[PDB]
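>
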Amino acid sequence: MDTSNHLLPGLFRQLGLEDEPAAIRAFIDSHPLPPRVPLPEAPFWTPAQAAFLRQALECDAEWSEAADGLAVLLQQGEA
């Protein structure tokens, strides 16, 4: 439930971003989410990729720790 999740590299390549954990933490820092708005409800992601993320939030998938472990970072970001 963190940036050090090796699922984030693969999840970002899936969404069309870098697998570099240094770049990954920089993307989510530069573009955070409000604690009311979760990962599949983010207008930052494209509608097909957001509905694809949503599947892991609808039912516990193999991308469960990817999507959950990312969603915590966005909603519990910076100022």
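According to the authors' numbering, the stretch in the sequence shown is residues 1 to 79, in order. C-beta atoms are modelled at their ideal positions from N, C-alpha and C, and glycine is treated no differently.
(1) What number of angstroms, rounded off, separates the C-alpha of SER4 from the C-alpha of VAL37?
(2) Pick helix, strand or coil for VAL37, following the three-state DSSP scheme.
(3) With a threshold of 8 Å on Cβ separation, who are the neighbours of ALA51 within its own chain once the five nearest residues in sequence on each side are excluded?
(4) Can the beta-carbon of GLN76 be found closer than 7 Å to that of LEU33?
(5) Can you grab the Cα-Cα spacing for the pair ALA71 / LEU11, in whole Å?
(6) If the criterion is Cβ atoms closer than 7 Å, does the pair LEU15 and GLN49 meet it?
Looking at the atomic coordinates:
(1) The sequence position of residue 4 within the sequence shown is 4, counting from 1. The sequence position of residue 37 within the sequence shown is 37, counting from 1. Cα to Cα, the separation comes out at about 23 Å.
(2) Looking up residue 37 in the sequence shown gives position 37. Three-state DSSP puts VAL37 in coil, outside helix and strand.
(3) As a working mapping, residue 51 is identified with position 51 in the sequence shown. Around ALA51: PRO40.
(4) For the purposes of this step, residue 76 is taken as the residue at position 76 of the sequence shown. For the purposes of this step, residue 33 is taken as the residue at position 33 of the sequence shown. For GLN76 and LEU33, no; Cβs fall outside 7 Å.
(5) Along the sequence shown, read from residue 1 onward, the residue named residue 71 stands at position 71. Along the sequence shown, read from residue 1 onward, the residue named residue 11 stands at position 11. Spanning the two alpha carbons is a distance of roughly 12 Å.
(6) Against the sequence shown, residue 15 aligns to sequence position 15. Against the sequence shown, residue 49 aligns to sequence position 49. Result yes, Cβ atoms of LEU15 and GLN49 sit closer than 7 Å.
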